[PDB]
Amino acid sequence: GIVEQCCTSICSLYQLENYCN
Amino acid sequence: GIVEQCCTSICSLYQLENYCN
Amino acid sequence: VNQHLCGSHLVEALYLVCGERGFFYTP
Amino acid sequence: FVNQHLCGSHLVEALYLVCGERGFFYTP
Ligand SMILES: Cc1cccc(O)c1
Ligand SMILES: Cc1cccc(O)c1
Ligand SMILES: [Zn+2]
Ligand SMILES: [Zn+2]
């Protein structure tokens, strides 16, 4: 999930948008 | 919802927990 | 933009209050 | 541990900004 993906390496705003509704 | 309820008047910790999963 | 700014603080508070439960934030 | 907790705080602020009127769920 989001923590595994984006607290291990930087996520861009495009990558984070994948976790929106 | 939360904005109507807690940005017009201060919400307690107890009131905010209403919005937890 | 005050409602936007208020929502920013709301989300940080829900993060802290909800803990492992997590939360939902719908504008 | 602590760094994950702190990371999560930044994550939620970013989701708030990017998700806009859609909003989001934060499920750790
Ligand atoms: C914007 C942001 C916050 C937290 C971690 C990330 O990878 C990215
Ligand atoms: C703690 C908190 C933040 C923002 C609005 C509120 O009513 C309460
Ligand atoms: Zn502020
Ligand atoms: Zn920080």
Side-chain angles (χ1 to χ4, degrees), chain B, chain C:
Chain B
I2 193 169
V3 170
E4 298 65 37
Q5 282 314 297
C6 300
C7 293
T8 56
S9 164
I10 203 273
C11 283
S12 61
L13 300 197
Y14 297 91
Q15 290 172 291
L16 296 165
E17 201 173 0
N18 282 172
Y19 305 96
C20 299
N21 290 145
Chain C
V1 205
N2 33 55
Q3 279 195 147
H4 176 99
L5 301 182
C6 180
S8 172
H9 298 266
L10 276 180
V11 144
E12 305 331 302
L14 289 172
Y15 177 72
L16 288 185
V17 177
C18 299
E20 284 182 63
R21 299 165 295 176
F23 68 86
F24 39 107
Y25 184 78
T26 318

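Just so it is clear: chains get the letters A, B, ... in the order the sequence lines come, proteins before strands, and each one is counted from 1. Side chains are part of it too, since the values below use all heavy atoms of this structure and drop only hydrogens, waters and symmetry mates.
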Check: Is B/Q15 atom CD crowded by more than 12 heavy atoms from other residues, nucleotides or ligands, each under 6.0 Å away?
Finding: yes
Item checked: Minimal non-hydrogen separation, C/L14 against B/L16, with atom names -> CD2-O, 3.3 Å
Notebook entry, point to check: Can you name the closest pair of heavy atoms from B/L13 and C/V17 and give their distance?
Noted result: O-CG1, 3.9 Å
Note to self: Please give me the minimum heavy-atom distance between C/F23 and B/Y19, naming the atom from each residue.
What the structure shows: CB-O, 3.5 Å
Notebook entry, point to check: What are the two closest heavy atoms between B/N18 and C/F24, and how far apart are they?
Noted result: O-CZ, 4.2 Å
Notebook entry, point to check: Taking C/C6 and B/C6, which are both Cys, do their SG atoms fall under 2.5 Å of each other?
Noted result: no
Item checked: Value rounded to 0.5 Å, distance of CG in C/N2 from SG in B/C7 -> 8.5 Å
Checklist line | Straight-line distance of C/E20 CD to B/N21 CG, nearest 0.5 Å | finding: 12.5 Å
